[PDB]
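Data block for work_28.pdb (PDB, C-alpha atoms):
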MODEL        1
ATOM      1  CA  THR Q  63     -26.838  -7.678  23.617  1.00  0.00           C
ATOM      2  CA  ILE Q  64     -24.706  -5.032  25.401  1.00  0.00           C
ATOM      3  CA  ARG Q  65     -21.789  -7.492  25.394  1.00  0.00           C
ATOM      4  CA  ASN Q  66     -22.129  -8.259  21.677  1.00  0.00           C
ATOM      5  CA  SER Q  67     -22.288  -4.582  20.716  1.00  0.00           C
ATOM      6  CA  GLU Q  68     -19.339  -3.287  22.708  1.00  0.00           C
ATOM      7  CA  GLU Q  69     -17.186  -6.345  21.917  1.00  0.00           C
ATOM      8  CA  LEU Q  70     -17.876  -5.688  18.243  1.00  0.00           C
ATOM      9  CA  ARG Q  71     -16.872  -2.036  18.660  1.00  0.00           C
ATOM     10  CA  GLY Q  72     -13.590  -2.988  20.347  1.00  0.00           C
ATOM     11  CA  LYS Q  73     -12.661  -5.756  17.933  1.00  0.00           C
ATOM     12  CA  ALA Q  74     -13.513  -3.677  14.873  1.00  0.00           C
ATOM     13  CA  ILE Q  75     -11.530  -0.716  16.198  1.00  0.00           C
ATOM     14  CA  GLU Q  76      -8.436  -2.869  16.698  1.00  0.00           C
ATOM     15  CA  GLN Q  77      -9.087  -4.367  13.255  1.00  0.00           C
ATOM     16  CA  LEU Q  78      -8.976  -0.861  11.810  1.00  0.00           C
ATOM     17  CA  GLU Q  79      -5.878  -0.071  13.869  1.00  0.00           C
ATOM     18  CA  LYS Q  80      -4.110  -3.107  12.400  1.00  0.00           C
ATOM     19  CA  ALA Q  81      -5.436  -2.264   8.932  1.00  0.00           C
ATOM     20  CA  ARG Q  82      -4.198   1.328   9.107  1.00  0.00           C
ATOM     21  CA  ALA Q  83      -0.884   0.063  10.467  1.00  0.00           C
ATOM     22  CA  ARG Q  84      -0.729  -2.262   7.455  1.00  0.00           C
ATOM     23  CA  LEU Q  85      -1.513   0.709   5.201  1.00  0.00           C
ATOM     24  CA  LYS Q  86       1.398   2.681   6.639  1.00  0.00           C
ATOM     25  CA  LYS Q  87       3.797  -0.283   6.605  1.00  0.00           C
ATOM     26  CA  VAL Q  88       2.939  -1.348   3.049  1.00  0.00           C
ATOM     27  CA  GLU Q  89       3.307   2.282   2.024  1.00  0.00           C
ATOM     28  CA  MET Q  90       6.723   2.097   3.719  1.00  0.00           C
ATOM     29  CA  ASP Q  91       7.476  -0.946   1.573  1.00  0.00           C
ATOM     30  CA  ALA Q  92       6.119   0.937  -1.446  1.00  0.00           C
ATOM     31  CA  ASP Q  93       8.216   4.082  -1.170  1.00  0.00           C
ATOM     32  CA  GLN Q  94      11.326   2.236   0.083  1.00  0.00           C
ATOM     33  CA  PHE Q  95      10.906  -0.062  -2.919  1.00  0.00           C
ATOM     34  CA  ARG Q  96      10.397   2.980  -5.132  1.00  0.00           C
ATOM     35  CA  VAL Q  97      13.734   4.502  -4.081  1.00  0.00           C
ATOM     36  CA  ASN Q  98      15.440   1.104  -4.333  1.00  0.00           C
ATOM     37  CA  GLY Q  99      14.194   0.061  -7.773  1.00  0.00           C
ATOM     38  CA  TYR Q 100      14.711   3.555  -9.180  1.00  0.00           C
ATOM     39  CA  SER Q 101      18.373   3.727  -8.126  1.00  0.00           C
ATOM     40  CA  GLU Q 102      18.826   0.088  -9.155  1.00  0.00           C
ATOM     41  CA  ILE Q 103      17.755   0.777 -12.696  1.00  0.00           C
ATOM     42  CA  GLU Q 104      19.942   3.864 -12.918  1.00  0.00           C
ATOM     43  CA  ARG Q 105      22.972   1.737 -12.056  1.00  0.00           C
ATOM     44  CA  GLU Q 106      21.764  -0.829 -14.583  1.00  0.00           C
ATOM     45  CA  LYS Q 107      21.563   2.082 -17.032  1.00  0.00           C
ATOM     46  CA  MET Q 108      25.215   2.817 -16.368  1.00  0.00           C
ATOM     47  CA  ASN Q 109      25.878  -0.925 -16.776  1.00  0.00           C
ATOM     48  CA  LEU Q 110      24.309  -0.812 -20.252  1.00  0.00           C
ATOM     49  CA  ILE Q 111      26.388   2.189 -21.342  1.00  0.00           C
ATOM     50  CA  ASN Q 112      29.573   0.598 -19.936  1.00  0.00           C
ATOM     51  CA  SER Q 113      28.963  -2.606 -21.896  1.00  0.00           C
ATOM     52  CA  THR Q 114      28.399  -0.726 -25.144  1.00  0.00           C
ATOM     53  CA  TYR Q 115      31.409   1.560 -24.652  1.00  0.00           C
ATOM     54  CA  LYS Q 116      33.581  -1.477 -23.917  1.00  0.00           C
ATOM     55  CA  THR Q 117      32.432  -3.286 -27.069  1.00  0.00           C
ATOM     56  CA  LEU Q 118      33.182  -0.111 -29.028  1.00  0.00           C
ATOM     57  CA  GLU Q 119      36.765  -0.129 -27.756  1.00  0.00           C
ATOM     58  CA  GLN Q 120      36.901  -3.837 -28.651  1.00  0.00           C
ATOM     59  CA  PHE Q 121      35.796  -2.836 -32.167  1.00  0.00           C
ATOM     60  CA  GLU Q 122      38.576  -0.268 -32.539  1.00  0.00           C
ATOM     61  CA  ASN Q 123      41.063  -2.802 -31.172  1.00  0.00           C
TER      62      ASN Q 123
ATOM     63  CA  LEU V 112     -39.522   4.589  30.394  1.00  0.00           C
ATOM     64  CA  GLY V 113     -40.265   4.698  26.677  1.00  0.00           C
ATOM     65  CA  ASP V 114     -37.105   6.694  26.114  1.00  0.00           C
ATOM     66  CA  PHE V 115     -35.144   4.102  28.123  1.00  0.00           C
ATOM     67  CA  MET V 116     -36.492   1.354  25.878  1.00  0.00           C
ATOM     68  CA  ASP V 117     -35.316   3.406  22.907  1.00  0.00           C
ATOM     69  CA  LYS V 118     -32.040   4.430  24.503  1.00  0.00           C
ATOM     70  CA  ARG V 119     -30.826   0.963  25.232  1.00  0.00           C
ATOM     71  CA  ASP V 120     -32.055  -0.229  21.837  1.00  0.00           C
ATOM     72  CA  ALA V 121     -30.789   2.689  19.741  1.00  0.00           C
ATOM     73  CA  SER V 122     -27.426   2.552  21.455  1.00  0.00           C
ATOM     74  CA  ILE V 123     -27.204  -1.180  20.842  1.00  0.00           C
ATOM     75  CA  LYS V 124     -28.289  -0.608  17.239  1.00  0.00           C
ATOM     76  CA  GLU V 125     -25.878   2.328  16.857  1.00  0.00           C
ATOM     77  CA  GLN V 126     -22.927   0.179  17.772  1.00  0.00           C
ATOM     78  CA  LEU V 127     -24.130  -2.120  15.043  1.00  0.00           C
ATOM     79  CA  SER V 128     -24.023   0.549  12.329  1.00  0.00           C
ATOM     80  CA  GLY V 129     -20.665   1.671  13.735  1.00  0.00           C
ATOM     81  CA  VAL V 130     -19.097  -1.797  13.587  1.00  0.00           C
ATOM     82  CA  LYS V 131     -20.462  -2.154  10.037  1.00  0.00           C
ATOM     83  CA  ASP V 132     -18.972   1.234   9.104  1.00  0.00           C
ATOM     84  CA  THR V 133     -15.627   0.195  10.563  1.00  0.00           C
ATOM     85  CA  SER V 134     -15.648  -3.008   8.506  1.00  0.00           C
ATOM     86  CA  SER V 135     -16.403  -1.024   5.341  1.00  0.00           C
ATOM     87  CA  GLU V 136     -13.502   1.293   6.112  1.00  0.00           C
ATOM     88  CA  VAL V 137     -11.119  -1.642   6.602  1.00  0.00           C
ATOM     89  CA  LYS V 138     -12.191  -2.980   3.209  1.00  0.00           C
ATOM     90  CA  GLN V 139     -11.413   0.410   1.702  1.00  0.00           C
ATOM     91  CA  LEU V 140      -8.046   0.428   3.499  1.00  0.00           C
ATOM     92  CA  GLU V 141      -7.210  -2.947   1.964  1.00  0.00           C
ATOM     93  CA  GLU V 142      -8.163  -1.652  -1.482  1.00  0.00           C
ATOM     94  CA  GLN V 143      -6.103   1.527  -1.052  1.00  0.00           C
ATOM     95  CA  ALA V 144      -3.127  -0.531   0.149  1.00  0.00           C
ATOM     96  CA  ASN V 145      -3.570  -2.697  -2.969  1.00  0.00           C
ATOM     97  CA  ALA V 146      -3.592   0.379  -5.200  1.00  0.00           C
ATOM     98  CA  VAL V 147      -0.644   2.110  -3.522  1.00  0.00           C
ATOM     99  CA  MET V 148       1.677  -0.918  -3.593  1.00  0.00           C
ATOM    100  CA  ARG V 149       0.794  -1.754  -7.187  1.00  0.00           C
ATOM    101  CA  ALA V 150       1.164   1.968  -7.850  1.00  0.00           C
ATOM    102  CA  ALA V 151       4.803   1.917  -6.737  1.00  0.00           C
ATOM    103  CA  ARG V 152       5.400  -1.376  -8.558  1.00  0.00           C
ATOM    104  CA  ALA V 153       3.881  -0.273 -11.878  1.00  0.00           C
ATOM    105  CA  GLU V 154       5.635   3.098 -11.526  1.00  0.00           C
ATOM    106  CA  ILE V 155       9.016   1.367 -11.397  1.00  0.00           C
ATOM    107  CA  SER V 156       8.094  -1.082 -14.175  1.00  0.00           C
ATOM    108  CA  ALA V 157       6.985   1.623 -16.613  1.00  0.00           C
ATOM    109  CA  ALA V 158       9.810   4.015 -15.699  1.00  0.00           C
ATOM    110  CA  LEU V 159      12.620   1.483 -16.069  1.00  0.00           C
ATOM    111  CA  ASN V 160      11.118  -0.016 -19.230  1.00  0.00           C
ATOM    112  CA  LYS V 161      10.713   3.336 -20.987  1.00  0.00           C
ATOM    113  CA  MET V 162      14.038   4.765 -19.798  1.00  0.00           C
ATOM    114  CA  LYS V 163      15.711   1.465 -20.726  1.00  0.00           C
ATOM    115  CA  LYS V 164      14.360   1.473 -24.278  1.00  0.00           C
ATOM    116  CA  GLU V 165      15.164   5.158 -24.764  1.00  0.00           C
ATOM    117  CA  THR V 166      18.777   5.080 -23.633  1.00  0.00           C
ATOM    118  CA  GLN V 167      19.325   1.744 -25.419  1.00  0.00           C
TER     119      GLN V 167
ENDMDL
END

Write the structure described by the file as C-alpha cells, please.
Amino acid sequence: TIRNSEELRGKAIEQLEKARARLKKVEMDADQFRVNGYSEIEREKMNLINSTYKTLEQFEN
Amino acid sequence: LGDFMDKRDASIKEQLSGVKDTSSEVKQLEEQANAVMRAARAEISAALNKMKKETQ
C-alpha cells in the first residue's frame, strides 16, 4: 500500500508537470499565433486597399 | 500503537486524496488550455472579420 500511494504521488506530480508545461507551450502557441494572425490580417487589409485603388486607376484609364 | 495504526493509514489515505486532487487540477489545466487557445483563435477570427467588413 505504501508503494501504491507514493508511486501515485510521483506519477501524478509528473503528470501535472507535463500538463502545466503544455499549458505554457500552448499559451506560447496562442500568443505567437495572436501576433502572427493579427499582423497577417493587417497586411491583407493593405492588400484590399491596394486592389481597390488599382481598380480605381483602371477606371480612370 | 493506535496512533501508528492511524498514522500509516491516514498517510496512505492522504496520498490518495492528494493524487485525486492532482488529477482534478490536471483536468482543469486541460480545460484552461482549451479556453486560452480557442480564446486566441476566436479573438483573431472576430477581429479580422469585423475589421475586414468595416474597412471594406

Ground truth for the PyMOL selection byres ((chain V) within 6 of (chain Q)), written as a ChimeraX atom specification: /V:123,126,130,137,144,148,151

To box stretch 124-139 of chain V, take all atoms listed in the file, fit an axis-aligned box, add 8 Å on each side, and give centre and edge lengths in Å to one decimal, as JSON.
{"center_x": -19.7, "center_y": -0.3, "center_z": 9.7, "size_x": 33.2, "size_y": 21.3, "size_z": 32.1}

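When atom CA of residue V:161 is paired with atom CA of residue Q:115, their separation reads 21.1 Å.
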
query: To one decimal place, how far is atom CA of residue V:155 from atom CA of residue V:141 in Å?
result: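 The value is 21.5 Å.
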
task: Could you please determine the separation between atom CA of residue V:125 and atom CA of residue V:113 in Å, to one decimal place?
output: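 Those two atoms sit 17.6 Å apart.
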